[PDB]
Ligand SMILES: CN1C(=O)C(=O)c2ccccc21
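Below you'll find only one chain, the form solved without this ligand, shown as structure tokens.
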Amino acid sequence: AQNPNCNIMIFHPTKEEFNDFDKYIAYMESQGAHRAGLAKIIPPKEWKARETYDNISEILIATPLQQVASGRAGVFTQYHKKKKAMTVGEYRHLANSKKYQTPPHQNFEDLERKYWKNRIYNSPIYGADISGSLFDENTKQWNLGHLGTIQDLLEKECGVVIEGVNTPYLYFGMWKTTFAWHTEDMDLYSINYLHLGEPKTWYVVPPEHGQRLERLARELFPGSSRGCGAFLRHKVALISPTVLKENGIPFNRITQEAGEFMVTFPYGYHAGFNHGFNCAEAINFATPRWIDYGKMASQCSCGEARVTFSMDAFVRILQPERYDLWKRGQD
């Protein structure tokens, strides 16, 4: 069995290996990458996502989200308070202001310490989930706006044609902006490209150990657990590395820098934070190996998780018994 300790693997494809996305994902899996839940892909030196980032300031962040925490430093939830619209240029200035900027630090490990110690005492503003793409249309390799769609994968594997579309999302981050512990909708893969700016630190639980994380989360968030049998679908709970180590939960960590891709694998729980002003682009995708994970994926039916139009068909076809209850939660 490849990668039996479930370590995060880092890949350096050549330009020739960067041509066929599906084939490279399947290669990574042949080497055991999925066992970690997360892999890093460093693009060949010849590749670029686009020529420059000099003209992105007029992108609108229609609903910036202020991430307000409740709890203790290592075990907290966050809610998102909607703020007034602002442009990327306005948001970049805000991120760099004395109130929000990254503090002085020695290295990524010192910053990580400062994040865990101090996150809860601040409410950073995240420009998340913005439909769009920063890949140049002429970038033919690993262009997240040109991937094969999940609807087409389900059709190729299962023969059923379904409605829905699959497009990318931009994330504009600042120091302390946080992504809570989650797997993807329907336990899909995700791919995330860090276009510019400061790094993003990731934490991940191997898929084979995801239920250990879920059991801890039910213990640590006991009211939330009573409210919903899949409350980590709400994407609000944070648990620190220190707490995970104290409770024997297997995980790994890695820092993504600008110009690098990360891939999350089906049922790989992940969480993390941004080091300073940055912009990432991400999208979900599927492969044949996902289908069995989609069929088994938990679902939130309490009403909180509320998701895209396109998840309807996935539930309806892969999880027909759950469909009725899940759709009640959507409506």
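Shifts are known only where both forms have a C-alpha. Superpose the two forms; the largest set of C-alphas matching within 1.5 Å is the rigid core. Don't overthink the numbering: it's just position in the shown sequence, from 1.
Asks: Report the stretch with the higher mean CA temperature factor, choosing between 300-308 and 268-276 on the basis of the entry.
Replies: Here the higher of the two C-alpha B-factor means belongs to 300-308.
Asks: Quick check on the record: does 225-233 or 86-94 carry the larger mean Cα temperature factor?
Replies: Comparing 86-94 with 225-233, the higher average CA B-factor belongs to 225-233.
Asks: Maximum C-alpha temperature factor per the entry, among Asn138, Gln101, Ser190, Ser133, belongs to which one?
Replies: Result of the comparison over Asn138, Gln101, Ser190, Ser133: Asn138.
Asks: Which one of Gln78, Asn166, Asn143, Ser240 shows the biggest C-alpha B-factor in the PDB entry?
Replies: That would be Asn166, according to the entry.
Asks: Could you look up the Cα B-factor of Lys176 in the entry and say which third of the chain it sits in: lowest, middle or highest?
Replies: Within its chain, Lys176 is a lowest-third residue by C-alpha B-factor, going by the deposited values.
Asks: How does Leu147 rank on Cα B-factor within its chain, lowest, middle or highest third?
Replies: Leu147: CA B-factor falls in the highest third of its chain.
Asks: When the deposited Cα B-factors of this chain's modelled residues are ordered and cut into thirds, is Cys158 in the lowest, the middle or the highest one?
Replies: CA B-factor rank for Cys158: highest third.
Asks: For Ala39, does the deposited CA B-factor place it in the lowest, middle or highest third of the chain?
Replies: Within its chain, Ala39 is a lowest-third residue by C-alpha B-factor, going by the deposited values.
Asks: Thinking about Cα B factors across the chain, which third does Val263 belong to?
Replies: Answer is lowest: the recorded C-alpha B-factor places it there.
Below, we turn to the form solved in complex with this ligand, even though it does not appear here.
Asks: If I superpose the C-alphas around the site and drop in this ligand as it sits in the deposited complex, do 3 or more of its atoms land within 2.4 Å of a backbone or C-beta atom here, i.e. is the pocket blocked or open?
Replies: Judged by the transferred pose of this ligand in the deposited complex, this form is blocked (3 or more ligand atoms within 2.4 Å of backbone or C-beta).
Asks: Quick check on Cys302: any heavy atom within 4.5 Å of this ligand in the deposited complex?
Replies: Heavy-atom contact with this ligand at 4.5 Å: present for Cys302.
Asks: Would you please work out which stretches of at least three consecutive shared residues show Cα displacements of 2 Å or more throughout between this form and the one not shown, after fitting on the rigid core?
Replies: Shifted run of three or more residues, which all move 2 Å or more: only 324-329.
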